>>> print(open('target-v4.pdb').read())   # PDB, C-alpha atoms
ATOM      1  CA  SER A   2      -4.758 -11.483   9.920  1.00  0.00           C
ATOM      2  CA  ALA A   3      -5.821 -10.753   6.309  1.00  0.00           C
ATOM      3  CA  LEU A   4      -3.002 -12.969   5.042  1.00  0.00           C
ATOM      4  CA  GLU A   5      -2.325 -15.761   7.495  1.00  0.00           C
ATOM      5  CA  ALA A   6       1.316 -16.656   8.046  1.00  0.00           C
ATOM      6  CA  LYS A   7       0.527 -20.233   6.964  1.00  0.00           C
ATOM      7  CA  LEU A   8      -0.424 -18.906   3.541  1.00  0.00           C
ATOM      8  CA  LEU A   9       2.522 -16.541   3.156  1.00  0.00           C
ATOM      9  CA  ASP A  10       4.874 -19.334   4.294  1.00  0.00           C
ATOM     10  CA  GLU A  11       3.502 -21.813   1.748  1.00  0.00           C
ATOM     11  CA  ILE A  12       4.125 -19.269  -1.011  1.00  0.00           C
ATOM     12  CA  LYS A  13       7.586 -18.300   0.317  1.00  0.00           C
ATOM     13  CA  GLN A  14       8.557 -21.982   0.270  1.00  0.00           C
ATOM     14  CA  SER A  15       7.373 -22.628  -3.300  1.00  0.00           C
ATOM     15  CA  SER A  16       9.514 -22.963  -6.380  1.00  0.00           C
ATOM     16  CA  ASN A  17       8.191 -21.530  -9.658  1.00  0.00           C
ATOM     17  CA  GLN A  18       7.309 -25.047 -10.674  1.00  0.00           C
ATOM     18  CA  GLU A  19       5.146 -25.492  -7.593  1.00  0.00           C
ATOM     19  CA  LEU A  20       3.478 -22.073  -8.102  1.00  0.00           C
ATOM     20  CA  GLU A  21       2.691 -22.876 -11.742  1.00  0.00           C
ATOM     21  CA  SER A  22       0.968 -26.119 -10.699  1.00  0.00           C
ATOM     22  CA  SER A  23      -1.074 -24.284  -8.059  1.00  0.00           C
ATOM     23  CA  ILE A  24      -2.052 -21.560 -10.618  1.00  0.00           C
ATOM     24  CA  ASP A  25      -3.010 -24.129 -13.294  1.00  0.00           C
ATOM     25  CA  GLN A  26      -5.159 -26.161 -10.924  1.00  0.00           C
ATOM     26  CA  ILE A  27      -7.012 -23.159  -9.482  1.00  0.00           C
ATOM     27  CA  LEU A  28      -7.644 -21.808 -12.981  1.00  0.00           C
ATOM     28  CA  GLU A  29      -8.918 -25.210 -14.156  1.00  0.00           C
ATOM     29  CA  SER A  30     -11.287 -25.325 -11.187  1.00  0.00           C
ATOM     30  CA  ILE A  31     -12.841 -21.890 -11.867  1.00  0.00           C
ATOM     31  CA  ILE A  32     -13.175 -22.555 -15.635  1.00  0.00           C
ATOM     32  CA  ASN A  33     -15.001 -25.810 -14.862  1.00  0.00           C
ATOM     33  CA  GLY A  34     -17.257 -24.196 -12.253  1.00  0.00           C
ATOM     34  CA  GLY A  40     -30.312 -24.598 -18.671  1.00  0.00           C
ATOM     35  CA  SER A  41     -31.746 -25.714 -22.011  1.00  0.00           C
ATOM     36  CA  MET A  42     -30.002 -28.252 -24.281  1.00  0.00           C
ATOM     37  CA  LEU A  43     -28.885 -25.329 -26.456  1.00  0.00           C
ATOM     38  CA  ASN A  44     -27.447 -23.568 -23.376  1.00  0.00           C
ATOM     39  CA  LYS A  45     -25.662 -26.771 -22.203  1.00  0.00           C
ATOM     40  CA  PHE A  46     -24.145 -27.533 -25.573  1.00  0.00           C
ATOM     41  CA  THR A  47     -23.053 -23.884 -26.121  1.00  0.00           C
ATOM     42  CA  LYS A  48     -21.409 -23.772 -22.682  1.00  0.00           C
ATOM     43  CA  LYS A  49     -19.504 -27.049 -23.271  1.00  0.00           C
ATOM     44  CA  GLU A  50     -18.139 -25.675 -26.538  1.00  0.00           C
ATOM     45  CA  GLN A  51     -17.107 -22.415 -24.802  1.00  0.00           C
ATOM     46  CA  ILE A  52     -15.300 -24.133 -21.958  1.00  0.00           C
ATOM     47  CA  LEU A  53     -13.387 -26.368 -24.383  1.00  0.00           C
ATOM     48  CA  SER A  54     -12.424 -23.332 -26.491  1.00  0.00           C
ATOM     49  CA  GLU A  55     -11.273 -21.398 -23.456  1.00  0.00           C
ATOM     50  CA  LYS A  56      -9.170 -24.324 -22.248  1.00  0.00           C
ATOM     51  CA  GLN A  57      -7.381 -24.424 -25.597  1.00  0.00           C
ATOM     52  CA  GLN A  58      -6.648 -20.724 -25.344  1.00  0.00           C
ATOM     53  CA  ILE A  59      -5.378 -20.975 -21.745  1.00  0.00           C
ATOM     54  CA  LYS A  60      -2.729 -23.429 -22.986  1.00  0.00           C
ATOM     55  CA  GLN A  61      -1.171 -20.526 -24.923  1.00  0.00           C
ATOM     56  CA  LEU A  62      -0.920 -18.247 -21.875  1.00  0.00           C
ATOM     57  CA  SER A  63       2.176 -17.834 -19.653  1.00  0.00           C
ATOM     58  CA  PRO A  64       2.004 -18.644 -15.925  1.00  0.00           C
ATOM     59  CA  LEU A  65       1.543 -14.966 -15.033  1.00  0.00           C
ATOM     60  CA  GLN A  66      -1.173 -14.566 -17.668  1.00  0.00           C
ATOM     61  CA  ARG A  67      -2.984 -17.648 -16.334  1.00  0.00           C
ATOM     62  CA  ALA A  68      -2.714 -16.162 -12.819  1.00  0.00           C
ATOM     63  CA  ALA A  69      -4.186 -12.829 -13.928  1.00  0.00           C
ATOM     64  CA  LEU A  70      -7.106 -14.609 -15.624  1.00  0.00           C
ATOM     65  CA  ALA A  71      -7.704 -16.784 -12.564  1.00  0.00           C
ATOM     66  CA  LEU A  72      -7.634 -13.712 -10.280  1.00  0.00           C
ATOM     67  CA  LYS A  73     -10.193 -11.840 -12.389  1.00  0.00           C
ATOM     68  CA  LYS A  74     -12.427 -14.909 -12.452  1.00  0.00           C
ATOM     69  CA  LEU A  75     -12.176 -15.517  -8.678  1.00  0.00           C
ATOM     70  CA  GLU A  76     -12.902 -11.848  -7.941  1.00  0.00           C
ATOM     71  CA  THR A  77     -15.910 -11.900 -10.234  1.00  0.00           C
ATOM     72  CA  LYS A  78     -17.234 -14.990  -8.546  1.00  0.00           C
ATOM     73  CA  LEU A  79     -16.698 -13.423  -5.107  1.00  0.00           C
ATOM     74  CA  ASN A  80     -18.327 -10.127  -6.151  1.00  0.00           C
ATOM     75  CA  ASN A  81     -21.345 -11.987  -7.503  1.00  0.00           C
ATOM     76  CA  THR A  82     -21.603 -14.086  -4.346  1.00  0.00           C
ATOM     77  CA  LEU A  83     -21.437 -10.857  -2.277  1.00  0.00           C
ATOM     78  CA  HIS A  84     -23.767  -8.888  -4.611  1.00  0.00           C
ATOM     79  CA  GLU A  85     -21.011  -6.239  -5.074  1.00  0.00           C
TER      80      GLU A  85
ATOM     81  CA  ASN B   1     -20.790 -13.412 -21.301  1.00  0.00           C
ATOM     82  CA  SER B   2     -18.656 -15.541 -23.664  1.00  0.00           C
ATOM     83  CA  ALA B   3     -17.684 -12.664 -26.000  1.00  0.00           C
ATOM     84  CA  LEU B   4     -16.409 -10.577 -23.085  1.00  0.00           C
ATOM     85  CA  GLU B   5     -14.531 -13.595 -21.714  1.00  0.00           C
ATOM     86  CA  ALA B   6     -12.766 -14.106 -25.095  1.00  0.00           C
ATOM     87  CA  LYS B   7     -12.009 -10.371 -25.073  1.00  0.00           C
ATOM     88  CA  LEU B   8     -10.428 -10.515 -21.608  1.00  0.00           C
ATOM     89  CA  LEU B   9      -8.262 -13.498 -22.490  1.00  0.00           C
ATOM     90  CA  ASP B  10      -6.978 -11.695 -25.607  1.00  0.00           C
ATOM     91  CA  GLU B  11      -6.254  -8.544 -23.575  1.00  0.00           C
ATOM     92  CA  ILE B  12      -4.324 -10.563 -20.934  1.00  0.00           C
ATOM     93  CA  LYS B  13      -2.299 -12.358 -23.648  1.00  0.00           C
ATOM     94  CA  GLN B  14      -1.392  -9.014 -25.250  1.00  0.00           C
ATOM     95  CA  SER B  15      -0.484  -7.365 -21.926  1.00  0.00           C
ATOM     96  CA  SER B  16       3.014  -6.765 -20.674  1.00  0.00           C
ATOM     97  CA  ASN B  17       4.209  -8.487 -17.517  1.00  0.00           C
ATOM     98  CA  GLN B  18       4.423  -5.105 -15.733  1.00  0.00           C
ATOM     99  CA  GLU B  19       0.778  -4.448 -16.653  1.00  0.00           C
ATOM    100  CA  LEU B  20      -0.336  -7.784 -15.214  1.00  0.00           C
ATOM    101  CA  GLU B  21       1.892  -7.340 -12.131  1.00  0.00           C
ATOM    102  CA  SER B  22       0.480  -3.851 -11.499  1.00  0.00           C
ATOM    103  CA  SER B  23      -3.069  -5.267 -11.443  1.00  0.00           C
ATOM    104  CA  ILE B  24      -2.115  -8.289  -9.295  1.00  0.00           C
ATOM    105  CA  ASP B  25      -0.176  -6.130  -6.826  1.00  0.00           C
ATOM    106  CA  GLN B  26      -2.994  -3.678  -6.480  1.00  0.00           C
ATOM    107  CA  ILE B  27      -5.501  -6.451  -5.887  1.00  0.00           C
ATOM    108  CA  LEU B  28      -3.161  -7.906  -3.299  1.00  0.00           C
ATOM    109  CA  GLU B  29      -2.889  -4.505  -1.572  1.00  0.00           C
ATOM    110  CA  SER B  30      -6.677  -4.182  -1.513  1.00  0.00           C
ATOM    111  CA  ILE B  31      -6.868  -7.548   0.275  1.00  0.00           C
ATOM    112  CA  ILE B  32      -4.173  -6.725   2.886  1.00  0.00           C
ATOM    113  CA  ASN B  33      -5.784  -3.356   3.687  1.00  0.00           C
ATOM    114  CA  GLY B  34      -9.384  -4.644   3.712  1.00  0.00           C
ATOM    115  CA  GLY B  35      -9.875  -5.052   7.504  1.00  0.00           C
ATOM    116  CA  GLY B  36     -10.751  -2.894  10.539  1.00  0.00           C
ATOM    117  CA  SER B  37      -8.872  -0.853  13.177  1.00  0.00           C
ATOM    118  CA  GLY B  38      -7.923  -4.050  15.068  1.00  0.00           C
ATOM    119  CA  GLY B  39      -9.960  -3.290  18.188  1.00  0.00           C
ATOM    120  CA  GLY B  40     -10.687  -0.548  20.713  1.00  0.00           C
ATOM    121  CA  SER B  41      -7.382  -0.195  22.503  1.00  0.00           C
ATOM    122  CA  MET B  42      -4.286   1.696  21.416  1.00  0.00           C
ATOM    123  CA  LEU B  43      -2.335  -1.551  21.744  1.00  0.00           C
ATOM    124  CA  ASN B  44      -4.905  -3.343  19.548  1.00  0.00           C
ATOM    125  CA  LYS B  45      -4.560  -0.738  16.788  1.00  0.00           C
ATOM    126  CA  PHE B  46      -0.748  -0.706  17.071  1.00  0.00           C
ATOM    127  CA  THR B  47      -0.500  -4.503  16.888  1.00  0.00           C
ATOM    128  CA  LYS B  48      -2.695  -4.539  13.746  1.00  0.00           C
ATOM    129  CA  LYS B  49      -0.508  -1.824  12.161  1.00  0.00           C
ATOM    130  CA  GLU B  50       2.693  -3.828  12.767  1.00  0.00           C
ATOM    131  CA  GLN B  51       1.151  -7.013  11.404  1.00  0.00           C
ATOM    132  CA  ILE B  52       0.188  -5.298   8.137  1.00  0.00           C
ATOM    133  CA  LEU B  53       3.622  -3.710   7.868  1.00  0.00           C
ATOM    134  CA  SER B  54       5.164  -7.202   8.291  1.00  0.00           C
ATOM    135  CA  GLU B  55       2.867  -8.634   5.558  1.00  0.00           C
ATOM    136  CA  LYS B  56       3.779  -5.753   3.229  1.00  0.00           C
ATOM    137  CA  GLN B  57       7.491  -6.311   3.905  1.00  0.00           C
ATOM    138  CA  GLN B  58       7.177 -10.006   3.127  1.00  0.00           C
ATOM    139  CA  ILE B  59       5.192  -9.380  -0.030  1.00  0.00           C
ATOM    140  CA  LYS B  60       7.798  -6.869  -1.264  1.00  0.00           C
ATOM    141  CA  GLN B  61      10.397  -9.681  -1.209  1.00  0.00           C
ATOM    142  CA  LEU B  62       8.223 -12.100  -3.203  1.00  0.00           C
ATOM    143  CA  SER B  63       8.549 -12.619  -6.951  1.00  0.00           C
ATOM    144  CA  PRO B  64       5.727 -11.464  -9.263  1.00  0.00           C
ATOM    145  CA  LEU B  65       4.550 -15.066  -9.604  1.00  0.00           C
ATOM    146  CA  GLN B  66       4.674 -15.650  -5.827  1.00  0.00           C
ATOM    147  CA  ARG B  67       2.483 -12.556  -5.381  1.00  0.00           C
ATOM    148  CA  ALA B  68       0.023 -13.797  -8.023  1.00  0.00           C
ATOM    149  CA  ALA B  69      -0.200 -17.231  -6.441  1.00  0.00           C
ATOM    150  CA  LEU B  70      -0.683 -15.660  -2.969  1.00  0.00           C
ATOM    151  CA  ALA B  71      -3.596 -13.515  -4.216  1.00  0.00           C
ATOM    152  CA  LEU B  72      -5.248 -16.558  -5.851  1.00  0.00           C
ATOM    153  CA  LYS B  73      -4.880 -18.691  -2.749  1.00  0.00           C
ATOM    154  CA  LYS B  74      -6.317 -15.976  -0.583  1.00  0.00           C
ATOM    155  CA  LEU B  75      -9.364 -15.433  -2.810  1.00  0.00           C
ATOM    156  CA  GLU B  76      -9.952 -19.194  -3.113  1.00  0.00           C
ATOM    157  CA  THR B  77      -9.933 -19.332   0.667  1.00  0.00           C
ATOM    158  CA  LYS B  78     -12.274 -16.321   0.890  1.00  0.00           C
ATOM    159  CA  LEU B  79     -14.688 -17.953  -1.595  1.00  0.00           C
ATOM    160  CA  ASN B  80     -14.659 -21.225   0.319  1.00  0.00           C
ATOM    161  CA  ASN B  81     -15.485 -19.322   3.497  1.00  0.00           C
ATOM    162  CA  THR B  82     -18.258 -17.376   1.682  1.00  0.00           C
ATOM    163  CA  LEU B  83     -20.025 -20.084  -0.393  1.00  0.00           C
ATOM    164  CA  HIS B  84     -22.396 -22.250   1.678  1.00  0.00           C
TER     165      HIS B  84
END
>>> encode(input="target-v4.pdb", output="structure tokens")
Amino acid sequence: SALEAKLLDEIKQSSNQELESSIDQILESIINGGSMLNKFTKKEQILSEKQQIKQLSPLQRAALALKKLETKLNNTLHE
Amino acid sequence: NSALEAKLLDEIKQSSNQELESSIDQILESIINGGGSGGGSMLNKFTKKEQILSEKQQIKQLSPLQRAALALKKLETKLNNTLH
């Protein structure tokens, strides 16, 4: 009910290669998501973060993605 | 903010796999356990219990990376269902 069987099955059926692609694409989506100064500063920050993510392992990328998704959910839910 | 984001990335990079897995697993647990009694009847509550036990059993057999990917998929799905 909390984890649908369709979701558990997809994960059960995945190789590490497939998981890594899923993790990378979700992370890229959350990283991507004012004034000119704000816009420019944000572009620089996103580019910097993307360079740093390249140095992370698949598990490290997953942990970062999970933190970022939870933060976004908590903000959305005012928690 | 950006400084705290840089800080988090550095902490994650420096962390052991067991450290990251402990966080991921606990978040996953918090998701599985996050619902209600399953309804008014004894059979409702029992059925819910057995479902969660089955999910926990399945998760136990997953690799650390499978568990991480499962958590991310679930939260992505939750966000999709929440954002409007």
>>> residues_around(input="target-v4.pdb", residues="region 61-67 of chain B", least_positions_apart="2", cutoff="9 Å", atoms="all atoms listed in the file", output="ChimeraX atom specification")
/A:12-13,15-17,20-21,64-65,68 /B:17,21,24-25,28,56-59,69-72
>>> resolve_selection(input="target-v4.pdb", expression="the ChimeraX specification (/B :<8) & /A", output="PyMOL selection string")
chain A and resi 2-4+8-9+12-13+15+17+20+23-24+27+51+55+58+62+64-66+68-72+75-76+78-79+82
>>> axis_aligned_box(input="target-v4.pdb", around="region 70-74 of chain A", padding_each_side="5 Å", output="JSON")
{"center_x": -9.8, "center_y": -14.3, "center_z": -13.0, "size_x": 15.3, "size_y": 14.9, "size_z": 15.3}
>>> atom_distance(input="target-v4.pdb", atom1="CA of residue 28 (chain A)", atom2="CA of residue 67 (chain A)")
7.1 Å
>>> atom_distance(input="target-v4.pdb", atom1="CA of residue 32 (chain A)", atom2="CA of residue 84 (chain B)")
19.6 Å
>>> atom_distance(input="target-v4.pdb", atom1="CA of residue 46 (chain A)", atom2="CA of residue 74 (chain A)")
21.7 Å
>>> build_atoms(input="target-v4.pdb", residues="region 36-52 of chain B", atoms="N, CA and C atoms", output="PDB file, keeping the file's coordinate frame")
ATOM      1  N   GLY B  36     -10.423  -3.986   9.612  1.00  0.00           N
ATOM      2  CA  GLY B  36     -10.751  -2.894  10.539  1.00  0.00           C
ATOM      3  C   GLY B  36      -9.570  -2.327  11.319  1.00  0.00           C
ATOM      4  N   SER B  37      -9.887  -1.550  12.358  1.00  0.00           N
ATOM      5  CA  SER B  37      -8.872  -0.853  13.177  1.00  0.00           C
ATOM      6  C   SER B  37      -8.041  -1.838  14.017  1.00  0.00           C
ATOM      7  N   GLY B  38      -8.597  -3.022  14.268  1.00  0.00           N
ATOM      8  CA  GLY B  38      -7.923  -4.050  15.068  1.00  0.00           C
ATOM      9  C   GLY B  38      -8.404  -4.121  16.506  1.00  0.00           C
ATOM     10  N   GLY B  39      -9.425  -3.326  16.830  1.00  0.00           N
ATOM     11  CA  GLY B  39      -9.960  -3.290  18.188  1.00  0.00           C
ATOM     12  C   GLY B  39      -9.930  -1.915  18.829  1.00  0.00           C
ATOM     13  N   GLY B  40     -10.520  -1.823  20.016  1.00  0.00           N
ATOM     14  CA  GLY B  40     -10.687  -0.548  20.713  1.00  0.00           C
ATOM     15  C   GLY B  40      -9.439   0.082  21.309  1.00  0.00           C
ATOM     16  N   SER B  41      -8.488  -0.745  21.732  1.00  0.00           N
ATOM     17  CA  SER B  41      -7.382  -0.195  22.503  1.00  0.00           C
ATOM     18  C   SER B  41      -6.277   0.339  21.605  1.00  0.00           C
ATOM     19  N   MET B  42      -5.440   1.218  22.154  1.00  0.00           N
ATOM     20  CA  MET B  42      -4.286   1.696  21.416  1.00  0.00           C
ATOM     21  C   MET B  42      -3.364   0.537  21.077  1.00  0.00           C
ATOM     22  N   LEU B  43      -3.165  -0.371  22.034  1.00  0.00           N
ATOM     23  CA  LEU B  43      -2.335  -1.551  21.744  1.00  0.00           C
ATOM     24  C   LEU B  43      -2.907  -2.442  20.646  1.00  0.00           C
ATOM     25  N   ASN B  44      -4.237  -2.600  20.613  1.00  0.00           N
ATOM     26  CA  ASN B  44      -4.905  -3.343  19.548  1.00  0.00           C
ATOM     27  C   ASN B  44      -4.589  -2.750  18.175  1.00  0.00           C
ATOM     28  N   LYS B  45      -4.751  -1.439  18.069  1.00  0.00           N
ATOM     29  CA  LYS B  45      -4.560  -0.738  16.788  1.00  0.00           C
ATOM     30  C   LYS B  45      -3.094  -0.802  16.345  1.00  0.00           C
ATOM     31  N   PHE B  46      -2.203  -0.647  17.312  1.00  0.00           N
ATOM     32  CA  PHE B  46      -0.748  -0.706  17.071  1.00  0.00           C
ATOM     33  C   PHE B  46      -0.331  -2.099  16.585  1.00  0.00           C
ATOM     34  N   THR B  47      -0.822  -3.128  17.261  1.00  0.00           N
ATOM     35  CA  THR B  47      -0.500  -4.503  16.888  1.00  0.00           C
ATOM     36  C   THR B  47      -0.945  -4.830  15.448  1.00  0.00           C
ATOM     37  N   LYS B  48      -2.165  -4.425  15.107  1.00  0.00           N
ATOM     38  CA  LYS B  48      -2.695  -4.539  13.746  1.00  0.00           C
ATOM     39  C   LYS B  48      -1.783  -3.824  12.742  1.00  0.00           C
ATOM     40  N   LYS B  49      -1.402  -2.583  13.048  1.00  0.00           N
ATOM     41  CA  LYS B  49      -0.508  -1.824  12.161  1.00  0.00           C
ATOM     42  C   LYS B  49       0.790  -2.610  11.874  1.00  0.00           C
ATOM     43  N   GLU B  50       1.385  -3.188  12.918  1.00  0.00           N
ATOM     44  CA  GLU B  50       2.693  -3.828  12.767  1.00  0.00           C
ATOM     45  C   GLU B  50       2.568  -5.120  11.982  1.00  0.00           C
ATOM     46  N   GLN B  51       1.454  -5.813  12.188  1.00  0.00           N
ATOM     47  CA  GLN B  51       1.151  -7.013  11.404  1.00  0.00           C
ATOM     48  C   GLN B  51       1.075  -6.742   9.916  1.00  0.00           C
ATOM     49  N   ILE B  52       0.376  -5.669   9.545  1.00  0.00           N
ATOM     50  CA  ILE B  52       0.188  -5.298   8.137  1.00  0.00           C
ATOM     51  C   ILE B  52       1.518  -4.868   7.546  1.00  0.00           C
TER      52      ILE B  52
END
